Structure formats: structure tokens, C-alpha cells
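Heads up, the chain below is alone and in the form deposited in one PDB entry; it's given as C-alpha cells.
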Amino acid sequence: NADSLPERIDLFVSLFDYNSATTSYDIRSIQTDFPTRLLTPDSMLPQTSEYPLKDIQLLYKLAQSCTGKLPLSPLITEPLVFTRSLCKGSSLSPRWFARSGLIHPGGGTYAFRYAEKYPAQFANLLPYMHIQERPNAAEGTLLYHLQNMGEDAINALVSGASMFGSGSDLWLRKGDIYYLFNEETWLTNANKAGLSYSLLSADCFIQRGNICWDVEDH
């Protein structure tokens, strides 16, 4: 009966009332309000695949002592400008962050680090901070849903997947808009289409018992 599976999934998608959705988000509005750099969890980690570890260490020591060895590689120019500015105490306008690569080599953003030293500029620099650096958003808002997405849900959203689950919500793409439905509606329409489903924490290539296995990429 697994041969009719694609047809049943199409029937499943067609059962939803897209005008009675919980909320809906245009993909364009999501890309305007959140650069991909500010969604992906890897932006919160030290940028070990972009800078040598010794260069990241040399930046932290420079930010601590505000004197001494400057890092070498010419890809540290902008992070050096940022670090020297905090040490010299000179100001960086919100337009400087809008111009930057946003992500600091030690993980997180320039804006969040700058707002930790100058908390009066927090609100104006919020658009340049990672979602995981911003305060807990109000329930039902786009930021709230994004902050509560695991890496797999974020990756599915960034890649524009036709559908993905995130917690207690189903995200369904119709055209260039995502429609959210609660899991009760998800399960009801899966029942009617003759479907069962599972939410994955990775891809599934080999199943043993009730365990889906996958190689991790890194």
C-alpha cells in the first residue's frame, strides 16, 4: 500500500482550510525580518570553519587586555575593527552593524556584544542580533515560533520545505506562504488521508526496529 503514499500525501495537503489557519507568514516577510545568519544555530557557536582557532583565541585575548598581539589572516579585518572599537571606546552606529557580517568569530553577533557594553543601544541593535540572543518573544509571534524551533525545523524552514513540524504546530507551504495548524488538525487530516507520521530529528535512510538511522555530516 506504500505505492499510493504520494497520492495520499497530496490528499492530506488538500484537506486543510488555508483561510482558517492559526497564523500565516509570507516567506518574503520572514527573509526581510530575519537574515538566515540570525536563524541558524551554528551562528551562535565559534566560527571554527571560517577562522583558525588560534585567530579566535587571539581576538579574545585582545578584547580582554586591549593590548598586544593582533591576529594575522586578512579575514579578521572587520572583527579587528569591532574589537579595537570596544577597546578604544569609540562608538559604532546601527548602520555599521547593518553593513557588517553580523556574526562575531567567537559565536553570536557583534550587536549583542556591543549592547552588553552599551545597554542603552539595545533596542536599536536588536535587528542585528541572533534570535537566540533576543529576549523571549510574546506567544504567537513569528519570533516566538522561531526561537522555539530546533535545528531540524530551522533547516527545513530555511530550505523552503513543503511541510515541517515544530513542536505543537504543522507548517504547510502553499505558494510562497507558510500556514500553521495545530497538531490536532494535523492528525485529523492525516487520519482521513489514511496516513501515519513521525517527527524526525535527522534524515532516515535505514530503519532498525522503530529507530531511523542516519550518518551525521558535520
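Start at 1 with the first residue shown and count on from there. Between two forms, the rigid core is the largest collection of C-alphas that superpose within 1.5 Å.
What comes next is about the form deposited in another entry, which is not displayed.
Novice: Would you indicate which listed residue, out of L172, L39, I56, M149, moves its Cα by 2 Å or more between this form and the one not shown relative to the superposed core?
Specialist: C-alpha shift of at least 2 Å: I56.
Novice: Since the CA distance of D152 and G209 differs by 3 Å or more in that other deposited form, is it closer or farther than in the form displayed?
Specialist: Those two alpha carbons end up closer in that other deposited form.
Novice: Just say closer or farther for the C-alpha distance from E184 to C212 in that other deposited form, relative to the shown form; it changes by 3 Å or more.
Specialist: Farther is correct, given that in that other deposited form the C-alpha spacing of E184 to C212 is increased by at least 3 Å.
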